[PDB]
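S.K.: Pasting the sequence and an experimental structure:
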Amino acid sequence: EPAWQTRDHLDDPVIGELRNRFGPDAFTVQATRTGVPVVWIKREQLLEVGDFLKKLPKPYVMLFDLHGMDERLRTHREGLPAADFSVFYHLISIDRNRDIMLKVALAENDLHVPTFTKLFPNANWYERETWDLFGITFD
Amino acid sequence: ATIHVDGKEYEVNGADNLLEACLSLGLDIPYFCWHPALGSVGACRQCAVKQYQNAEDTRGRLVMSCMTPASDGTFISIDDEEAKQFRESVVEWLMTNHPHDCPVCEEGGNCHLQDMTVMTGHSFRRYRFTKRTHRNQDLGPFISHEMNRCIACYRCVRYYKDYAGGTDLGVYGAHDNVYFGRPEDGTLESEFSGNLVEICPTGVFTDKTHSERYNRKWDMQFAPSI
Amino acid sequence: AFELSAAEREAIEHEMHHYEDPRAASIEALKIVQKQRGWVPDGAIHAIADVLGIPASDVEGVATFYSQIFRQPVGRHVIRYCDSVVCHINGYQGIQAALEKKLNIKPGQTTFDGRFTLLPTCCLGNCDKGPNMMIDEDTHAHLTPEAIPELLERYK
Amino acid sequence: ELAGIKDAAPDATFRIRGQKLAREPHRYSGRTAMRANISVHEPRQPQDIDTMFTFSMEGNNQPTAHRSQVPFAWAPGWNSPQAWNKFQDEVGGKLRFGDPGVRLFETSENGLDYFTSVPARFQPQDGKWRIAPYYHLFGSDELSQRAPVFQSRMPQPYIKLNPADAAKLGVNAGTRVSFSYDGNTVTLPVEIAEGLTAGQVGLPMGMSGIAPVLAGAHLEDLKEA
Amino acid sequence: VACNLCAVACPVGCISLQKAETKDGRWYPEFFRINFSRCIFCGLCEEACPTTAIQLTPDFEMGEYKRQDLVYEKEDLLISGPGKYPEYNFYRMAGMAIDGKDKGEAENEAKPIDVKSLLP
Amino acid sequence: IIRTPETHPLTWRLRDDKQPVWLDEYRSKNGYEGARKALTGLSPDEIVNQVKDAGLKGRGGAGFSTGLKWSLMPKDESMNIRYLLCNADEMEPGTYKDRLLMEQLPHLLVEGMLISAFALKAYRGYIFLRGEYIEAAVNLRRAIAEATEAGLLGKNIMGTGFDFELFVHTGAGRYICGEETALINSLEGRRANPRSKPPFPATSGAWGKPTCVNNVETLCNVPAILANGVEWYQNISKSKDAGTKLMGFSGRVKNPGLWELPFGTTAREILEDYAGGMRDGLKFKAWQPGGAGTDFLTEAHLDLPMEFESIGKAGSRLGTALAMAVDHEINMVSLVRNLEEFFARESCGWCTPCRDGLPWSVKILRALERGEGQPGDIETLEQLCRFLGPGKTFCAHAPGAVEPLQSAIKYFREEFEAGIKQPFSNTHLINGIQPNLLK
Ligand SMILES: NC(=O)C1=CN([C@@H]2O[C@H](COP(=O)(O)OP(=O)(O)OC[C@H]3O[C@@H](n4cnc5c(N)ncnc54)[C@H](O)[C@@H]3O)[C@@H](O)[C@H]2O)C=CC1
Ligand SMILES: Cc1cc2nc3c(=O)[nH]c(=O)nc-3n(C[C@H](O)[C@H](O)[C@H](O)COP(=O)(O)O)c2cc1C
Ligand code: SF4
Ligand code: SF4
Ligand code: SF4
Ligand code: SF4
Ligand code: SF4
Ligand code: FES
Ligand code: FES
């Protein structure tokens, strides 16, 4: 298998831990060529998922990235939740040498997510830049 | 009708052929000789897909999607390795004699043959022999003629004779010396001869009035007018 | 300035009587003009089109599709030697070399006096008696390179 | 009566997910050099307050965009006119979200009455010539003759004459005859028209000097000059 | 050959040209202008040229007093020789017939065969 | 060799001096008896069923059942216009059987056309004959005139009221005209491009009417079936293919000729007992069973019966059953180059793989002939053989084109590998640009 092959990364133990903690219907696994598991989480469970990843036996300790995407003109969204905008959170676990990309789907009118700064202080500037360039409000 | 393309089920119109049914679904099949307004003839042999007899079948058979009806319970594959190899081979056979003309050809950036050469993935030339050459004809003040760029897809003769009812454009010659044009130099007499520049997938027939002050398609400012 | 003779037009119309479509007499009309004139000139295409009621492009496409309808001038005699597989096994190449040596021309060309035009043709259906050639209407078999100069002198 | 022209196209506030419709492709080039010979400073992008299109590539031209007015067809991988297949709901059918244009009227519930004004048959009167209109695709429309590429395609200005009338007037094919319409004598070369009925002279409508209003008018003193 | 590939490959859009044609049929630029106040000297236009006409040369001394004089027209660009590619000729490969090179005289091209030819 | 009418239905009435048999001598030697029986005592459906259970297969080279092809003309009575076409093109290299059939026995073909047109209810019959057969055309026209003046053709044949008109259509020299849909297109006065099937010619053929195209030898087998019965024809040979076939070996043999043999006769008997074996100083190397469009076979396949199934199971085709012998003096690359040159120049130009891939194989074999082959040439030839097979081209001309190439590459690869001498070079050096050295 080549390194650029599209993988859903369902064999990642983080997917099994998330399924055991939150349930099989709590999130949607997306197959990408990013090399990391992309997991679409509901907005109301975002802080719970972040805390669960922070309190893992080999935890996800660094918020690598946090930004947004305008999904309104994206024609090919097969296997994706209905989203006008999306916010992605890239988290790196150094102990596992792994990373996970959480994604939160937002409608055009309800453009607000809970703030991530109580878990990761770099989310301050990351959410400020997301609000500046996309208009997404972080409560 | 119910068809299965690459393992995915689709509902189509059973009176349609597989090429127009799959193009209506957004699937990409290369094609040259077929036109929606002109019907299917099976000439260019570019639209080959692999059809299977039933749900469980591994051999299959390369069929012609423009010549195959999209009947109920059909099973075809576009991204099959043999089908992709044959479509690339058909593009390669068309490109054996094609002139090195894209910079000085008015169909550049608007060429169906360019699009399907790129889309099949053919970019390496192993043919090392000569390319056949044709003299050109004067077709009047509107259509510019360059027979070297022809792929013998028979769209021009089919449109101009069968569709538009014209009588002064035909196909001549033989095996690989087929010539598409008028029997002698002269103006194209049909009142709808200008549609040849869009019917022809190559730069054989080009807009001469556009060619006088030529610019590429990406450089145009377009509007929808009447 | 081409005009059809009375005999040519009558033969073409009599050929048109045999078919339910006048288009079906195009090959025989071209062959009639070729038999009367040696080859089919440019005006003959339009004359046959006007007699038959089909476009001139169809007549030109038919005349250029078929190898035995000549749209270019030929000599007074047409040598057609077979270069197919059984005559290649039987050695047509010596026959072709002898023809090129005597006539001093390549295949597809005409002699300087307009007497002979040399042409390769497909299999003549005489493979058991190969190598075969066909001068204007006579097919000659069991050809040898030494019999070519004697055979060519009987076609003045 | 013209109240249906409002639905021909949406107004200037029509947007596709908030953005206008692109007039030019996204790879439009030469933006900082095409006007540089006049001035090196790039001017303002032209504002289109009238319609929903923008004079720039900063717009929408997606095949799946909910619109009917498509300035041009382009899909990634389909640069030819075959991108219209991507712009249709089914290939060879209509556009995906309907075709542009709205009929101004529906068909009536009731028809008209029969027209009882049956004309008499054409009588060729002596000394007058009925002008039969001859139309040309290259030459009859007013704006098309101004196009300089059409002069190579427009036919020479002729006058069509029946063989019996031309023999009566002693004129062959190609000779010049002069006729006066509205007190204006012009000359044209004669073309013999076998299918034209006698007592009629055929004039090419919409050409230079021959108005299309002359169709059906009578012609006087048509005589070889 | 005024094929407009350099102008579209430019990420700054600082190339502007128009195609003209001679009587024999060869293509050439009617004008060719480059905004050097906009050019970032990235070399994508030289990379995109299918005839190796446009080239970037070892010359950096390009300072100017007025920005209007940084628009270089065709008389400021066309040099008297081939430059970095000394022997390439696109028209020796193209099938389009020009002066001094008829049909079938290009590289890897056979002579044209009439449909009226007697050979099968 | 004695030729009784029982075991030689086609060639027992051939004259010893190779002269044509005219109407009086033909009728003396049991002529038009089957035509009389068919046109007086049998229904057209009865004749069609008799041909169907007689096992008469197509002698053109495909082996399709003639009765089955006759059955699927439409049963509608409104389609009163019907056409029967005789495929006297015979442009395949190595095939000369139909020339012997119609040059000296034209009345057999006329009688078979009459019987088949009565069975098919065909109102007209055309003989699409190649233009190179001059004496065949003369003899056919003379036989048609003799049958018309004696009441065998025209209006009210034998008083039964069946009107049948027979014409001879001389071709203009193109190999693709033998394809039956291209034969119909050429009969209509068009370019002889074939037609996509379905619809088959039996439903909508010549001018949109029901049309049946059949070979000369099939319509020559018909009168013997109608004159001697189905039981006689099914008991000629104890093989799956019923009846007799014109077989024969050609090319550097002692007796190159053409004989009528029952099906199941092995190819060694035709080469040795009939053709006399190979010539002096020549050793047998290979053979083609059915003309230029069939796979080459080695000496190990010489002990194989000449049936469709047996040669088909060996990796070849029976074809026209006119085998051609290749000795050790013939270079296989040059022979395949000659074959491919014929096939490339007799392409009709309709479809891309044949039209634009047979010249590629021609150029590769020309390079291999003079030792200018390069690595990848034989692989290109094999890919051309795989991608010009059945279903990949518009008609069956290109599969027959690539059959000898793939069989010769399979059996004589050491001759093709001898032509690869030069290294591969598609590009020349361009000064100033470093090439991309692919490994
Ligand atoms: N000069 C000659 O005798 C030559 C003979 N051939 C032979 O031609 C053969 C290929 O001929 P094709 O017609 O292309 O192929 P084919 O085998 O598909 O057709 C042969 C006959 O069967 C009939 N047929 C087949 N399937 C039918 C169906 N479902 N319904 C009704 N009719 C049907 C066709 O109409 C035709 O008459 C080869 O086997 C080859 O040996 C090839 C070249 C030259
Ligand atoms: C390329 C090609 C050429 C053919 N040429 C001939 C031919 O010359 N004569 C012939 O009888 N059949 C020829 N055939 C076979 C016909 O298609 C058809 O099978 C035959 O003419 C009549 O069928 P039958 O065998 O039942 O009589 C050719 C087929 C192909 C594909
Ligand atoms: S017709 Fe197409 S492929 Fe051919 S030279 Fe023109 S742009 Fe290039
Ligand atoms: S000239 Fe154009 S439309 Fe006609 S066959 Fe050639 S490529 Fe097709
Ligand atoms: S080098 Fe300059 S002109 Fe050329 S592509 Fe780059 S920015 Fe444009
Ligand atoms: S400089 Fe090169 S890329 Fe630019 S238009 Fe001229 S030939 Fe084309
Ligand atoms: S294979 Fe294709 S191009 Fe070749 S003869 Fe048949 S239809 Fe014509
Ligand atoms: S598009 Fe189907 S063969 Fe040409
Ligand atoms: S191969 Fe020459 S006559 Fe048949």
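M.R.: Ah, there it is. Residues are numbered from 1 along each chain as shown, chains lettered A, B, ... in the order given. Ligands and ions are numbered 1, 2, ... in the order given.
S.K.: Could you tell me the phi and psi values at the residue of chain C found nearest chain B?
M.R.: Distances between chain C and chain B by C-beta to the nearest C-beta are smallest at residue C:57, namely 3.1 Å. Bear in mind the C-beta positions are built from the backbone N, C-alpha and C, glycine included. When read as degrees, to the nearest 10, the backbone of residue C:57 gives phi -70, psi -40.
S.K.: Where do the strands of chain B begin and end?
M.R.: Secondary structure of chain B (DSSP state E): strands at B:2-5, B:8-11, B:48-52, B:61-64, B:74-77, B:143-145, B:170-172, B:179-181, B:205-207.
S.K.: mind checking which of those is nearest chain F?
M.R.: Set against chain F and scored by C-beta to the nearest C-beta, the strands of chain B come closest in strand B:61-64, at 5.8 Å.
S.K.: on contacts alone, who are the packing partners of the closest one?
M.R.: Under the contact criterion of 3 or more C-beta pairs under 8 Å, 6 or more residues apart in numbering or on different chains; DSSP states H and E, strand B:61-64 touches strand B:48-52, helix B:81-94.
S.K.: residues contacting the residue of chain C closest to chain B?
M.R.: B:161, B:167, B:168, B:169, B:170, B:182, B:183 (C-beta atoms under 8 Å, 6 or more residues apart in numbering or on different chains).
S.K.: name the element the most centrally placed residue in chain A belongs to?
M.R.: Residue closest to the mean C-alpha point of chain A, counted by C-alpha atoms, centre = their mean, is residue A:102 at 1.1 Å. With elements taken from DSSP states H and E, the one containing residue A:102 is strand A:98-106.
S.K.: Alpha carbons only: can I get that strand in PDB?
M.R.: Extracted C-alpha coordinates of strand A:98-106, given in PDB (Å, rounded to 0.1, in the frame of the first residue of the first chain):
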ATOM      1  CA  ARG A  98      -0.200   9.900  16.600                       C
ATOM      2  CA  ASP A  99      -2.500  12.700  15.700                       C
ATOM      3  CA  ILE A 100      -6.300  13.200  15.300                       C
ATOM      4  CA  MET A 101      -8.300  15.800  13.400                       C
ATOM      5  CA  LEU A 102     -11.600  16.500  15.000                       C
ATOM      6  CA  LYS A 103     -14.200  18.400  12.900                       C
ATOM      7  CA  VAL A 104     -17.300  20.300  14.000                       C
ATOM      8  CA  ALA A 105     -20.000  21.100  11.500                       C
ATOM      9  CA  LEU A 106     -21.800  24.500  11.800                       C
END
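S.K.: can you tell if stretch C:24-33 touches chain B?
M.R.: No: Stretch C:24-33 stays clear of chain B (C-beta under 8 Å from any C-beta of the partner chain), getting no nearer than 12.5 Å.
S.K.: quick one: residue C:72 and residue F:232, what's the gap?
M.R.: Remark: distance between residue C:72 and residue F:232 (C-beta to C-beta, to the nearest Å) = 55 Å.
S.K.: Residue D:185 now?
M.R.: 95 Å.
S.K.: higher neighbour count, those two?
M.R.: More crowded of residue D:185 and residue F:232, by other C-beta atoms under 10 Å in any protein chain shown: residue F:232, with 15 against 12.
S.K.: Show me the helices in the stretch 51-200 of chain F, by range?
M.R.: F:66-71, F:97-104, F:106-119, F:134-149, F:180-187 (DSSP state H, counting those that start in this stretch).
S.K.: Which one of those helices lies nearest to ligand 5?
M.R.: When the helices of the stretch 51-200 of chain F are compared by C-beta to the nearest ligand atom, helix F:180-187 sits nearest ligand 5, at 54.4 Å.
S.K.: So residue C:108: helix, strand or coil?
M.R.: Classification of residue C:108 using DSSP: H, G, I helix; E, B strand; the rest coil returns coil.
S.K.: Sweet, I'm off.
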